[PDB]
Every structure is written in structure tokens, then in C-alpha cells.
Chemist: 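The following block contains the structure, expressed as C-alpha cells.
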Amino acid sequence: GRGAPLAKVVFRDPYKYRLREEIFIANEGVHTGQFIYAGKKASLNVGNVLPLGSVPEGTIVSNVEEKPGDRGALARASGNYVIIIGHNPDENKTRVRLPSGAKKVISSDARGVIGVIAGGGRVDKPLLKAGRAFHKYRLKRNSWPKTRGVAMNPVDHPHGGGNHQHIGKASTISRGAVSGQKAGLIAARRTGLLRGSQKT
Amino acid sequence: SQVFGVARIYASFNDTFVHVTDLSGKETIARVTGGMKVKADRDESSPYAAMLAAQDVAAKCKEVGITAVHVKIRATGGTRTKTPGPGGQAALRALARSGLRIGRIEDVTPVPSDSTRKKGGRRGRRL
Amino acid sequence: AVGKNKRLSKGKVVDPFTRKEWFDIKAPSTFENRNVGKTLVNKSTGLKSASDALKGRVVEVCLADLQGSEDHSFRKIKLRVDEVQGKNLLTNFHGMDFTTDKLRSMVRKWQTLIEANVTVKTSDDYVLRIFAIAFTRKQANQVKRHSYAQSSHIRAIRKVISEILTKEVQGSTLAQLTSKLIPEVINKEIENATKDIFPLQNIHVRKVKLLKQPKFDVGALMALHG
Amino acid sequence: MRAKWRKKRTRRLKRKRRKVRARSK
Amino acid sequence: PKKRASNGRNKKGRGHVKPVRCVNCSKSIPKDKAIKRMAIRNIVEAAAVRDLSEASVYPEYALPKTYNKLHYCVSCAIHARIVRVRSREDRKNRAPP
Amino acid sequence: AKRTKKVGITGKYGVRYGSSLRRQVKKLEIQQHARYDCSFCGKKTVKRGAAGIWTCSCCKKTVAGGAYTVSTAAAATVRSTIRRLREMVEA
Amino acid sequence: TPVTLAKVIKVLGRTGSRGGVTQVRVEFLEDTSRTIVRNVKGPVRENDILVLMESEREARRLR
Amino acid sequence: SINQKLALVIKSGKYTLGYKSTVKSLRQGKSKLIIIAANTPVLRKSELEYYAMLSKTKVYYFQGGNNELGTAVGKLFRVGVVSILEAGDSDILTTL
RNA sequence: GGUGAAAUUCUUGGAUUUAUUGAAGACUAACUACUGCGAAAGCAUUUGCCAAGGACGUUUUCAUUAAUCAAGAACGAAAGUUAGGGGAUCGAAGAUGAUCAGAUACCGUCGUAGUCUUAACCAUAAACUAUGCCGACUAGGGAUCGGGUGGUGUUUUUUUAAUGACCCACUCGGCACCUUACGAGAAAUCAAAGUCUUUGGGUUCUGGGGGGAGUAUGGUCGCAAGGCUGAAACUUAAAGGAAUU
RNA sequence: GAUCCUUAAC
């Protein structure tokens with residue numbers, strides 16, 4: 001159900017004689033038998049777990065924390081990464097750019113794995129097959145197949161019913177709409193094909 | 001005792017920015033440009049309007065209390081025309097007539113080493 | 001556009017100088033002139049402590065002003081304020097530069113222009129990118145019109161310039177670099193190293209850029225013991 | 001009539017002929 | 001017929017040279033066909049020379065001069081009158097006034 | 001002989017799914033089924049286990065890589081950028 | 001209103017599309033060796049004294 | 001350069017390819033140069049460097065993996081380490 | 001901010017001027033030339049690695065191994081196509097302000113594809129020197145690039161044992177320039193477009209009034225756009241080249 | 001910057 005490989009990596013317990021085994025999101029280039037270095041003093045190498053205050057601008061990070069200690073939230077999907085936009089030491093914070101293109105200021109103590117995540121290019125290949133889609137969602141969850149609401153009865157959906165399959169009312173739904181109404185394009189600022197780019 | 005700022009003249013086309021800053025550049029004094037002196041839009045780069053803006057700047061910076069100014073004059077530059085506007089000739093004369101002492105005049109127009117791409121198209125501006 | 005702006009404010013003065021005050025800026029001990037000028041700052045309110053806003057200012061200053069000599073007029077030096085102590089903030093070397101007029105005057109056609117650049121780290125952990133320019137000259141008694149270089153002279157010249165610069169920086173800290181840059185010992189040294197390859201006049205060193213700042217300067221040398 | 005625009009017009013005609021023949025095929 | 005044995009440019013043994021954009025219209029012209037003129041002027045425009053000399057803090061100042069090579073296209077060169085049409089036998093003169 | 005003109009590995013899909021989709025699937029499937037050079041033991045024994053997992057049969061090392069290639073262009077760009085920043089930091 | 005009385009020393013030729021002005025060289029009675037170039041809408045001879053409100057202009061051409 | 005002198009050794013000198021023969025020659029003390037590929041296991045590099053420190057044998061790290069080292073030594077197979085027993089007409093021993 | 005003038009747009013939520021910076025992508029100015037290399041397309045930051053090349057010099061080797069070439073191939077600006085990456089600038093389409101009798105144009109402000117790169121296609125340009133390649137001979141002159149040769153010629157090591165860069169002449173090989181006409185040509189002009197009615201050095205390709213028409217059809221290559229091959233029916237007395245006032 | 005056009009040849 002995950003596009004990216006995971007990395008079984010073992011550290012030593014600093015306080016007791018015992019090995020501690022961790023679950024990492026494998027960055028592209030990590031291999032078995034590779035030493036990785038987690039800490040604020042580590043080098044800027046792929047797989048290391050520097051804080052953002054320790055990495056410089058332009059750094060590719062992944063598995064970045066939102067707050068220091070939540071053990072990774074940002075840029076965890078296959079092939080995704082976070083860009084270190086900039087720093088400010090006073091009121092220690094770091095501006096970063098997220099995979100969606102959004103900028104976020106988060107504390108400089110939050111950690112991340114240097115590099116990009118393995119499994120990149122996954123959505124490049126067309127499934128070609130409802131069977132491939134079936135096996136893809138069989139491990140994820142029960143979200144497939146998707147019946148169109150226009151193809152159902154008015155009891156079952158806002159879009160259902162009619163002598164022709166059509167929505168009837170505008171398919172853009174307001175944010176303040178209630179459950180049972182939020183079917184279609186929720187809070188759509190605009191619709192239709194964009195003759196444009198992301199424009200981050 | 002001579003305390004000096006830096007002139008920072010921008011003699012673009014259709015505009016003449018004149019504003020004196022400190023020797024560091026981080027603190028600015030008297031940011032006046034041709035528009036604030038001339039009403040008609042076609043004369044924001046007129047020599048008269050640039051002279052007026054420059055003398056206004058000179059009065060403000062002398063009443064702030066600096067005696068000398070090192071001149072740094074600049075055209076639009078980069079990709080653009082690189083030929084300074086009438087303000088370049090008008091403003092320095094305006095400061096000299098005001099009587100603010102002048103030193104170390106230098107052209108600081110930003111030239112590119114292999115500029116990105118000119119504007120106007122391959123056939124250019126077919127006016 | 002005095003009467004063109006339909007709205008000056010979409011949402012709907014106190015003179016800055018009154019809250020502002022002057023500060024005095026000094027150079028390091030490698031230049032014959034110490035004072036370089038004055039600078040406005042906001043008043044050091046306890047919430048803000050404008051000393052921090054001072055600690056990050058850079059001033060471009062003419063080497064002619066820093067040396068009282070007209071022959072240094074075409075060079076300029078960036079001085080970065082790094083230490084503030086009581087209205088006599090003193091800077092440090094940040095980078096040297098030329099004047100665009102001097103560069104464009106020294107650049108002429110019917111001759112070859114050679115450029116070299118190095119990224120060498122000094123012995124006091126400073127990392128300097130140095131650029132050195134050089135031009136070809138027609139010899140006396142020459143009748144040829146242009147006096148270009150055969151692109152192997154250019155390569156050997158660039159190699160020798162790079163190694164002279166690297167050897168000079170590797171062995172001297174920043175202060176020695178400034179104190180040997182201002183008499184331009186490099187120019188005659190490199191002409192001596194090159195003259196058996198191609199005449200090559202106008203071998204000035206162009207701009208130089210820094211990357212570092214000093215530490216907290218507590219015990220022996222130049223900043224507090226008095 | 002510029003030769004380049006006449007060439008373009010002939011390509012337009014060629015495309016239309018090929019379309020109608022593809023239909024009739 | 002062939003107006004100019006040089007094809008109105010300077011290309012013999014090249015085939016292709018990198019173009020340069022014009023300064024008036026920003027037309028993309030070949031460099032050999034451009035009409036480059038070097039502009040070298042005093043910054044003060046020579047009417048305020050004495051004014052700036054007396055207003056300067058340093059006597060015997062150099063009064064620096066600006067430099068720029070300036071590229072023209074064939075269309076704007078004739079309009080700007082930096083070049084003009086000449087006689088058929090007068091087109092062969094290669095030297096400047 | 002040359003058994004197929006252009007469908008190559010995608011001859012298994014026969015006629016269905018559309019020529020363009022089969023073309024893209026060809027381009028990615030040759031990559032995902034090719035053997036890659038192991039940078040450790042130096043011999044072409046790196047195969048894809050699953051999307052992102054690339055095992056070497058001889059040196060018994062698994063590398064984390066692209067879904068259909070052992071390494072992606074974005075990964076190489078990231079490696080170069082990280083190297084440049086690291087070297088700049090050290091000196 | 002401060003005015004400057006300056007005498008014309010050189011006539012440089014009629015200037016403008018219609019020739020309604022002449023480009024002239026004017027030297028001030030005070031601060032001699034300060035020379036300026038201006039335009040005069042009428043005809044001018046030598047030893048001709050011109051009263052001007054503001055002396056801070058150069059009039060090079062008119063087209 | 002380096003591949004040129006290695007080829008000269010191959011033409012004139014005597015050499016052994018491979019870690020086992022390399023370690024044997026190091027033990028018997030008759031090897032003079034060791035050339036170690038770039039991608040050979042670093043544990044093997046440590047072992048060979050220890051053997052060479054014991055033997056007082058010069059070690060040179062080839063700027064290339066076993067494939068390129070084999071190509072430089074003239075063979076069509078991978079070579080992780082090559083010990084030059086003598087060169088004769090090559091100055092490979094004296095230099096580097 | 002732009003413009004002849006404006007306007008679209010951004011502004012007591014400071015891009016639009018400065019100081020420090022940081023990032024991205026493209027680009028490689030000035031030096032830059034009647035200069036260089038490459039078969040052409042084309043190629044201009046430093047260094048390294050890889051293989052290649054012209055010219056020169058040779059009292060080196062082989063000895064006709066050569067010239068051009070249907071078929072058949074390699075490379076081929078830009079735009080364009082497929083899909084990744086990239087996506088700063090400029091910008092077919094489009095939005096929009098102006099001009100205008102109209103303006104789905106020029107002008108102004110944005111802006112998707114594109115511009116960039118990887119893999120695969122495409123195979124066209126005024127791809128021009130509108131001049132096929134090889135070989136020989138026929139005027140002069142200076143300049144320039146690369147190589148070589150000669151000169152009690154010029155300057156710094158160390159004016160003392162080696163030399164680089166210059167100066168003079170010669171030569172080979174180039175990119176090219178001035179004049180007449182030996183000649184040529186319809187002329188413009190041409191050291192080749194000369195040595196062709198005093199007609200023959202070798203060889204390849206192409207044309208036969210203007211259209212219809214690079215169309216139709218059949219092949220063939222391409223994902224497509226299209227490329228290559230390529231008519232006829234019919235129509236027309238001119239269409240064209242170079243110079244004159 | 002609107003200065004768009006000219007009952008048909010001889």
C-alpha cells in the first residue's frame with residue numbers, strides 16, 4: 001500500500017545494552033550495510049537525519065517533521081522531497097517548500113532525512129487494467145471502484161435521478177455546506193481546464 | 001568634518017529615481033522621483049522634472065545633515081536599454097548647484113554576462 | 001504621477017531622523033585611514049536592540065579614500081561590520097572590487113583578454129574566490145596590428161596565474177592578504193612569472209569575495225585588553 | 001499572394017481531401 | 001542581382017554566427033551584420049565639468065567616463081542615420097570618415 | 001528472428017488498451033525488467049524486487065531506487081546538489 | 001525673485017523646425033568664465049544683455 | 001598516463017591479477033606495487049593495506065572500478081587488484 | 001509601470017530604489033575581427049578525461065591502393081511530435097488596453113505550448129557562395145591564420161651556458177580582400193563564372209515557355225504534421241533575367 | 001500614427 005520502500009535500520013541504545021530497531025522511509029540511494037547518522041552534528045549526506053537548522057539552503061530533505069519530535073510528517077510519498085528555502089536564527093525558524101508547492105515556516109529543531117524518497121516515477125506507468133487498479137487498492141482500502149453519482153438514484157446522491165444523466169445544479173459546493181451535500185467540487189475557487197501552470 | 005551619503009541615481013527611461021542613502025546603503029534619505037514633481041505622464045524622465053526631484057532630495061538630505069555624497073549613477077540596464085535617461089545629466093548638475101559636496105562618481109549600471117533574453121521578439125519592436 | 005493614483009491606500013508623518021541616530025564606522029588595522037564615515041540607525045529600544053541591526057551592515061568604500069592615494073582610485077573594498085561597541089563600530093574585510101569604468105577602460109579590442117579565478121581557503125579558515133584579469137600588449141618595434149595570443153599562451157598563463165594565487169593565499173591569513181593586496185605585489189610577481197611567455201600587461205586582480213566572520217575575540221591580540 | 005501562404009493553403013486543401021477520402025474509405 | 005559581394009555582412013568560412021539583439025527595436029540580428037558603434041562618453045556630459053570640479057571634495061578628480069559597445073540593426077541604423085545609403089560605387093569604401 | 005516490429009515486450013497485451021498506452025508501458029517495462037550494474041561488486045546483477053527495491057544477486061545488497069529504474073534523474077540531481085552544499089559547508 | 005543678467009558672446013545658429021529661436025551662448029556678468037547655452041526667441045546682436053529667472057538649464061537642440 | 005604505464009607493464013613486466021594471488025605475493029614479499037580498484041570492498045582494501053604495511057609494499061588506488069582496472073590491465077574481465085611483481089621498462093614503480 | 005500619447009496591471013498587507021544575501025533555470029556579453037575550426041548543420045566560461053582532425057616538417061613507409069559516384073547509408077538550424085525532468089526569461093495560441101471606419105494586426109500588459117535537457121522521432125530552410133567534386137594552367141599587390149626555413153636584427157632571465165614575444169625575407173596550406181582585362185559574360189559582374197564555334201581533362205546531379213502543380217494517383221517512409229517519388233486533362237503569349245533615362 | 005481607395009486596356 002506504500003509506493004516507497006522502508007528501511008529497517010538499527011541503532012544502539014545509549015542508556016542500556018540493547019539494540020533499537022527503527023522504521024525509516026528509504027531515501028533513493030540508501031543500501032543495506034550503509035551507516036546513517038542521526039543528530040544535529042551529522043554530515044550532510046544522503047540518509048542522515050539532520051535538523052533543518054543544521055542543513056543549509058537548497059537542501060533536499062524528506063520525512064520532515066512538522067514540530068520537533070513528531071517523527072516525520074512531510075514529504076513521505078515516493079519520490080517526494082522538501083526544499084529548504086531559508087533560515088532565520090533569531091526566533092529559530094526555517095522556511096521550506098513542500099511537494100504541493102506551499103511554503104511553510106517550521107522550527108529549526110525539526111528533523112528530516114537528507115535526499116529524495118525512493119520509488120520515484122511510480123505514477124508514470126499506466127495501470128492499463130481495472131485488475132491492476134483492483135490489486136493496487138486491495139492493499140490500500142475500499143475506495144474502488146467508484147460509481148458515478150449521476151448513475152444512481154436521487155435517494156443515493158445529490159446527482160442521482162433524471163431522464164438524462166446530468167448533475168442538474170452546479171457541481172461546485174460551498175464550504176459551509178453540510179454532510180450529504182458535499183458531493184462534487186467542494187469550495188472550488190475556479191473550474192474547467194487551466195491554460196496555466198502551478199505558478200508557485 | 002564631512003559626513004557623506006551615496007546618491008543612488010536611477011536614470012531610466014520614463015523615470016528618474018533620485019534618493020540618497022547612507023554609506024552602508026541600509027538607511028535611505030529623500031526618495032523622490034520624477035513623477036512626484038511632474039504631472040504629465042510623458043515627462044517623468046524630463047530633465048526639468050529630474051532636476052526638481054533631485055533638488056528636493058538635496059534639500060531633504062542637507063536638512064537631515066549630510067555634507068557630501070558619493071555618486072552612483074545607473075541606467076535601466078540588465079536586459080534593457082543601458083542608455084541613461086535625461087535624469088542622469090540633470091540630477092548630478094542639480095546636486096552640484098545645490099552645493100552638496102560630491103565625490104567618487106561611478107556608473108553602476110548592471111551589465112549581464114550573457115543576458116537571459118531580450119524582449120520584443122526576433123523581429124523585435126516593429127514600431 | 002502626482003494626480004494619477006486613484007487610491008493611495010487600499011485600507012483607508014513622524015520624521016525618521018528624530019528616532020534615528022548616527023554611528024561611527026572604522027576599518028581594520030591594515031589601512032592607513034581608520035574612520036570611514038557615519039551611518040543612521042534607529043534608536044536602540046530595549047525590545048529591539050538595534051546593535052543587531054548594525055552588526056549586519058556592509059559598506060563599499062573607495063581604496064583611494066582608505067589610502068589617501070589617487071592611484072588606488074579604481075579599486076574599492078567592501079567592509080562588513082562585525083563588532084559594535086559604543087558608537088565606534090569597526091568592520092572587517094569582506095571583499096575587494098574594481099570600478100566598472102576602470103574595467104571597461106582596460107578592456108579594448110585588437111588584443112587578447114585572459115581571465116583566471118581560484119577558490120582557495122586561507123590559513124585562518126577564510127575561503128576566498130579571487131579573480132585575476134590580464135591583457136596582451138603589442139611589443140615595442142612591433143608592426144603587427146593586433147598582437148593576440150595563441151590560446152596556448154592563454155592556457156599556460158592561466159595556469160601560472162592560478163598557481164601563483166593559490167600559493168600566495170596558502171601561506172597567508174586574511175590580514176596578510178590585504179596587506180599584500182594593497183601594494184599589489186601580485187601584479188609584479190605574476191608579470192615576473194609570466195614575462196617569458198607573453199608580454200601581458202594590465203594584470204590587475206579583479207574583485208575578491210569572502211564567506212566568513214570572526215569569533216568572540218577574548219584573550220591576546222587586538223580588540224579588548226586595553 | 002505570398003508563395004508561403006499559397007503553400008499553406010495547398011496543405012489545407014490536401015488535409016481536407018485526405019479527410020474526405022478517409023471518410024469514403 | 002547581388003547587391004553586395006559581401007552579402008551585406010561579414011561571413012566567409014563560418015556559415016553561422018551567434019546573433020545579437022538590437023538596441024532600439026531588439027531585433028535578433030547576426031553579429032557580423034550588426035552595425036556596432038562604441039559609445040565612450042564622459043558621465044557629466046561636458047556641460048557640468050566645471051560645476052562638478054568645483055563641487056567635488058577632491059581636486060584633480062579623474063571625472064570618469066562610461067563605456068559601451070552598442071549594436072544596431074540594419075532597419076534602425078538607417079532611421080537613426082548612423083548609416084545612410086551611398087552611391088553604387090561609393091558602397092565599396094571600407095574606411096570610416 | 002525478429003518476432004515483433006515495434007510492440008516489443010508489450011506484445012503480451014496484444015491488441016487492447018490502446019497503442020499510446022502500450023507504448024508508455026513498453027518504455028517503462030523494459031526499464032523495470034532490465035539488469036543494472038551494481039556499483040559495489042561491479043557486475044550486472046541488480047534486479048528489481050518491487051517498486052523501489054533493487055537487489056543484487058551476488059553481493060546480496062539491496063539499494064533503494066526508482067520505481068522502474070535503479071536510479072532516477074531527480075535522484076542524481078539531488079546527489080549532486082547535496083554534494084555541492086556539503087563541500088561548500090566543509091570548505 | 002532672483003534674476004541673472006548675462007550677456008551673449010556667441011551666436012550658434014537658428015534652431016527648431018520653424019526657426020523661431022536661435023541657439024546662443026550666454027556668459028554671466030557675475031562669475032565670469034561660467035558660460036551656458038540657451039535659446040532666444042528674438043534676434044540677437046553682440047553686447048546683448050539677457051535677463052533670466054533661472055540659470056540652471058542647458059538647451060542643446062529642439063526637434 | 002597511469003593506464004599507459006600499466007599497459008607498458010603488461011607488455012614488458014610481470015604481474016598477478018586478483019586478491020588471492022595478490023595476498024600470496026604480498027606474503028612471500030616479492031610484490032613491489034599494488035593497484036587497488038576504486039569499488040573493491042573497503043574491508044578488502046583495509047586487509048590489503050595491512051598486508052602491504054607489513055610487506056613495505058607500495059599501494060596505489062586506481063581511479064576506477066574493477067571493470068576499468070581490468071580494461072587498463074588489458075584483460076576482458078574484472079580485476080579488483082593487480083600486483084606488479086616487476087616492470088622492467090615501466091617507471092610505474094618509481095613514480096606515484 | 002510602460003507609451004508618440006495612454007491604458008490593462010501592482011501599491012498605510014512596501015516585489016516596483018538601496019544593503020546583505022539565498023534559489024532556480026537559461027545564457028557565455030565587453031575581448032569579437034572581411035579572424036579560427038568542422039563535411040555540412042554548426043561551434044565562444046575554467047579545468048580534467050576520452051577519442052579524433054587539418055596544415056606543416058621528413059633524405060620514413062606501401063605502391064596505384066585513385067576521382068566521381070545509381071542502389072544503399074551517416075549527420076542534418078529552427079519549428080514540430082511521444083513521454084520523463086526542468087520550467088527563470090522571452091513567448092505561435094489565448095486574455096486585454098490602446099490606435100483604427102473595422103484591427104481576432106502592428107503598439108502596451110500578462111500568458112499556455114515552446115524556448116532547456118534525456119530517450120525516441122521528424123529530415124525540411126533563402127540548409128546560399130543562390131556557384132558539385134577532383135586535376136592542370138593563366139596578372140599583379142598588400143594584409144591575415146597555422147606550420148616550417150634563414151638574418152654580425154630588438155628586449156628581459158643572470159646585459160654572463162639554454163630562450164618566449166617581436167622585426168625582415170622565403171615557402172607550404174588556408175579564410176579572405178584591390179585594380180584593370182589575358183579572357184568570360186545578356187549584363188550585374190567573375191582569378192573564376194577564364195583556358196567553350198579555335199567547341200572533347202575525369203565524373204555525378206539537375207533543366208527544356210508560364211501555369212495547372214509539387215496538385216491527382218500509385219508507391220514508400222513517419223505517431224502525426226508531413227517527407228521522397230510524381231503525372232495528365234485543361235489553360236495561356238508571355239512569364240521571366242540584367243541595365244537605360 | 002491614422003497619408004484607405006481610384007468607371008477599363010490601347
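Any value given below was found using the heavy atoms of this structure, including those in side chains, with hydrogens, waters and symmetry copies removed. Residue numbering restarts at 1 for every chain, and letters A, B, ... go by the order of the sequence lines.
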Chemist: Kindly confirm or rule out a cation-pi arrangement of B/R74 over B/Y10, judged by NZ or CZ under 6.0 Å from the six-membered ring centre and within 45° of its axis?
Modeler: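 Cation-pi check for B/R74 and B/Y10: passes.
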Chemist: Are I/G164 and I/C69 a base pair, Watson-Crick or G-U wobble, with both contacts under 3.5 Å?
Modeler: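 Pair flag for I/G164 and I/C69 is false.
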Chemist: Counting the atoms with a prime plus P, OP1 and OP2 as sugar-phosphate, which does B/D41 contact under 4.0 Å by heavy atoms, base, sugar-phosphate, or nothing?
Modeler: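 Base contact.
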Chemist: Would you call I/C196 and I/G94 a Watson-Crick or G-U wobble pair if both distances must be under 3.5 Å?
Modeler: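 WC or G-U pairing between I/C196 and I/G94: no.
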Chemist: Indicate whether any N or O donor in one side chain lies under 3.5 Å from an N or O acceptor in the other, for B/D15 and B/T33.
Modeler: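 On atom types as modelled, these side chains qualify, holding a pair under 3.5 Å.
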Chemist: Which whole-number value in Å describes the distance from C/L210 CG to I/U20 P?
Modeler: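 Between P of I/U20 and CG of C/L210: 13 Å.
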Chemist: Do the side chains of C/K76 and B/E106 get close enough for a salt bridge, i.e. N-O under 4.0 angstrom?
Modeler: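 Judged by the 4.0 Å cut-off on N to carboxylate O distance, C/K76 and B/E106 do form a salt bridge.
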Chemist: Just the rounded figure in Å: distance from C1' of I/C145 to OH of C/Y148.
Modeler: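 Answer to the nearest Å: 12 Å.
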Chemist: Take E/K11 and E/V17, find for each the nucleotide of RNA chain I with the closest heavy atom, and name the residue whose nucleotide sits nearer the 5' end.
Modeler: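 Closer to the 5' end of RNA chain I: E/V17.
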Chemist: Side-chain N or O of E/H16 less than 4.0 angstrom from OP1 or OP2 on I/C43?
Modeler: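 For E/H16, the contact criterion (side-chain N or O under 4.0 Å from OP1 or OP2 of I/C43) is met.
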Chemist: Return the pairing partner of I/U199 with a 3.5 Å limit on both distances, Watson-Crick or G-U wobble; otherwise return none.
Modeler: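 I/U199 is unpaired by these criteria.
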Chemist: Any chance I/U109 and I/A95 qualify as a Watson-Crick or G-U wobble pair, both distances under 3.5 Å?
Modeler: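 WC or G-U pairing between I/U109 and I/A95: yes.
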Chemist: Considering only the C1' atoms, how many Å lie between I/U203 and I/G174, rounded to the nearest integer?
Modeler: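 To the nearest whole Å, 26 Å.
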Chemist: So I/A165 and I/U17, Watson-Crick or G-U wobble pair with both distances under 3.5 Å, or not?
Modeler: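 Check failed, no canonical or wobble pair found.
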Chemist: Between I/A103 and I/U104, is the six-membered ring centre distance under 5.5 Å and the plane-to-plane angle under 30°?
Modeler: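 Flagged as non-stacked, criteria not both satisfied.
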Chemist: Please work out whether I/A192 sits syn or anti, treating a glycosidic angle within 90° of 0 as syn.
Modeler: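 In terms of base orientation relative to the sugar, I/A192 is syn.
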Chemist: Between E/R4 (CZ) and I/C177 (P), how many Å, whole number?
Modeler: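 Going from CZ in E/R4 over to P in I/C177 covers 15 Å.
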Chemist: Could you tell me the Watson-Crick or G-U partner of I/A176, where both distances fall under 3.5 Å? Say none if there is no partner.
Modeler: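 I/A176 is paired with nothing.
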Chemist: Based on the glycosidic angle (syn within 90° of 0, else anti), state the conformation of I/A161.
Modeler: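 Syn for I/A161; the angle stays within 90° of 0.
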Chemist: Is the base of I/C75 syn or anti, where syn means the angle lies within 90° of 0?
Modeler: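 Here I/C75 takes the anti form, which means its glycosidic angle is more than 90° from 0.
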Chemist: Write down the partner of I/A119 under the Watson-Crick or G-U wobble criteria, each distance required to be under 3.5 Å.
Modeler: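 With both distances under 3.5 Å, I/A119 matches I/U82.
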Chemist: Nearest-Å distance, CE (C/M106) to P (I/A30)?
Modeler: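 So the CE-P distance, C/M106 to I/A30, works out to 17 Å.
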Chemist: Syn or anti for I/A26? Use the chi torsion, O4'-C1'-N9-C4 for purines and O4'-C1'-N1-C2 for pyrimidines, with syn inside 90° of 0.
Modeler: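 Base orientation relative to the sugar is anti.
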Chemist: Is there a base pair between I/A136 and I/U195, Watson-Crick or G-U wobble, given that both distances have to be under 3.5 Å?
Modeler: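 Yes; the pair between I/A136 and I/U195 satisfies the definition, which requires both distances under 3.5 Å.
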Chemist: Can you tell me the pairing partner of I/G226 across any strand shown, Watson-Crick or G-U wobble, with both distances under 3.5 angstrom?
Modeler: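 Partner of I/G226: I/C221.
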Chemist: For F/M88 and I/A23, what is the distance between atoms CE and P respectively, to the nearest whole Å?
Modeler: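 Distance, rounded to whole Å: 6 Å.
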Chemist: Check the distance between I/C167's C1' and C/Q142's CD and give it to me in whole angstrom.
Modeler: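 Value for this atom pair: 9 Å.
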Chemist: Assign each of C/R108 and B/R80 to its nearest nucleotide of RNA chain I by heavy atoms, then name whichever residue's nucleotide is nearer the 5' end.
Modeler: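 Final value for this comparison: B/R80.
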Chemist: Counting only Watson-Crick and G-U wobble pairs whose two distances fall below 3.5 Å, is I/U131 partnered with I/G218?
Modeler: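 Answer is no for this nucleotide pair.
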Chemist: May I ask you to classify the sugar pucker of I/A103 as north or south from its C1'-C2'-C3'-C4' sign?
Modeler: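 South, since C1'-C2'-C3'-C4' is negative for I/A103.
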Chemist: Please confirm if I/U189 pairs with I/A184, counting Watson-Crick and G-U wobble geometry and requiring both distances below 3.5 Å.
Modeler: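 Yes, a Watson-Crick or G-U wobble pair.
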Chemist: Under the criteria of ring-centre distance below 5.5 Å and plane angle below 30 degrees, do I/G222 and I/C223 stack?
Modeler: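 So I/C223 stacks onto its neighbour I/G222: no.
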Chemist: What's C/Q139 touching, base or sugar-phosphate or nothing? Going by heavy atoms closer than 4.0 Å.
Modeler: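 Answer is base: heavy atoms of C/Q139 come under 4.0 Å of a base.
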Chemist: Do the side-chain N or O atoms of B/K119 get closer than 4.0 angstrom to the phosphate oxygens (OP1, OP2) of I/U109?
Modeler: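 Answer yes for this pair, as a side-chain N or O of B/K119 is under 4.0 Å from OP1 or OP2.
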Chemist: Does I/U47 have OP1 or OP2 sitting under 4.0 Å from an N or O in the side chain of C/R158?
Modeler: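 It does, given that an N or O in the side chain of C/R158 lies less than 4.0 Å from OP1 or OP2 of I/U47.
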Chemist: Between I/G230 and I/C170, would you say there is a Watson-Crick or G-U pair if both relevant distances must stay under 3.5 Å?
Modeler: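 Taken together, I/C170 and I/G230 make no base pair (Watson-Crick or G-U wobble, both distances under 3.5 Å).
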Chemist: Note down whether I/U215 puckers north or south, where north is a positive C1'-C2'-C3'-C4' and south a negative one.
Modeler: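 The I/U215 sugar sits on the north side, the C3'-endo region.
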Chemist: Counting distance only, does the side-chain N/O of H/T71 pair as donor-acceptor with the main-chain N or O of H/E68 below 3.5 Å?
Modeler: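 Judged by distance alone, no pair lies under 3.5 Å.
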Chemist: Classify the sugar of I/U159 as north or south, using the sign of the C1'-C2'-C3'-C4' torsion: positive means north, negative means south.
Modeler: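 North.
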Chemist: Within the supplied structure, the quantity of interest is the number of heavy atoms (other residues, nucleotides, ligands) at a distance under 6.0 Å from E/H79 NE2; does it exceed 12?
Modeler: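 12 or below, so no.
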Chemist: Evaluate the stacking of I/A63 against I/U64, requiring that the six-membered ring centres lie under 5.5 Å apart and that the ring planes differ by under 30 degrees.
Modeler: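 No: the six-membered rings of I/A63 and I/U64 fail the 5.5 Å and 30° test.
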Chemist: Where does I/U65 land, syn or anti, once you apply the within-90°-of-0 test for syn?
Modeler: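 Nucleotide I/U65 adopts syn.
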Chemist: Looking at I/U28, I'd like to know if its phosphate oxygens (OP1 or OP2) sit under 4.0 Å from a side-chain N or O belonging to E/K18.
Modeler: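 Answer yes for this pair, as a side-chain N or O of E/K18 is under 4.0 Å from OP1 or OP2.
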Chemist: Is the shortest side-chain N to carboxylate O distance from E/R9 to E/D32 below 4.0 Å?
Modeler: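 Looking at E/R9 and E/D32, the cut-off is met.
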Chemist: What is the distance, rounded to the nearest whole Å, between atom CD of E/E89 and atom P of I/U179?
Modeler: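 The answer, rounded to whole Å, is 12 Å.
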Chemist: Is a donor from one side chain sitting under 3.5 angstrom from an acceptor on the other, for B/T79 and B/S115?
Modeler: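 Side chains of B/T79 and B/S115: pair found under 3.5 Å.
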Chemist: Check for me whether I/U115 and I/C116 meet both conditions: six-membered ring centres under 5.5 Å apart and planes under 30°.
Modeler: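 By the ring-centre and plane-angle rule, I/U115 does not stack on I/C116.
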Chemist: Would you tell me if any nitrogen or oxygen in the side chain of B/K118 comes within less than 4.0 Å of OP1 or OP2 on I/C27?
Modeler: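 Result: no.
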Chemist: Check each of C/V118, C/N117, C/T119 against C/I130 using the side-chain contact (heavy atoms from CB on, under 4.5 Å) test, and report the only one that passes.
Modeler: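 Option passing the side-chain contact (heavy atoms from CB on, under 4.5 Å) with C/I130: C/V118.
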Chemist: For the nucleotides I/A237 and I/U60, report whether a Watson-Crick or G-U wobble pair is present, with both relevant distances below 3.5 Å.
Modeler: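 Result no; criteria under 3.5 Å not both met.
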Chemist: Just compare I/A7, I/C190, I/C31 and give me whichever is closest to any side-chain atom of E/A5.
Modeler: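 Within the option list, the nearest is I/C190.
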Chemist: Using the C1'-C2'-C3'-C4' torsion, which pucker class fits I/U131: north or south?
Modeler: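 The sugar ring of I/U131 falls in the south range (negative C1'-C2'-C3'-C4' torsion).
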Chemist: Starting from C1' on I/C107, measure out to CZ on B/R126 and report it in whole angstrom.
Modeler: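 These atoms are roughly 10 Å apart.
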Chemist: If stacking means ring centres below 5.5 Å and interplanar angle below 30 degrees, are the neighbouring bases I/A126 and I/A127 stacked?
Modeler: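 As far as the 5.5 Å and 30° test goes, I/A126 does not stack onto I/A127.
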Chemist: Report the base-pairing partner of J/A9 (Watson-Crick or G-U wobble, both distances below 3.5 angstrom), or none.
Modeler: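 In the structure as shown, J/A9 has no Watson-Crick or wobble partner.
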Chemist: Between the side chains of E/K65 and C/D101, is the shortest nitrogen-to-carboxylate-oxygen separation below 4.0 Å, so that they form an ion pair?
Modeler: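 E/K65 and C/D101: not salt-bridged.
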Chemist: Does the pairing criterion hold for I/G142 and I/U8? That is, Watson-Crick or G-U wobble with both distances under 3.5 Å.
Modeler: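 Check failed, no canonical or wobble pair found.
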Chemist: Checking contacts here: which listed nucleotide (I/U17, I/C167, I/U112) is nearest the side-chain heavy atoms of B/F17?
Modeler: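 When the side chain of B/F17 is considered, I/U17 is the closest of I/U17, I/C167, I/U112.
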Chemist: Looking only at whether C1'-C2'-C3'-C4' is positive or negative, is the sugar of J/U6 north or south?
Modeler: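 With a negative torsion about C1'-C2'-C3'-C4', the sugar belongs to the south class.
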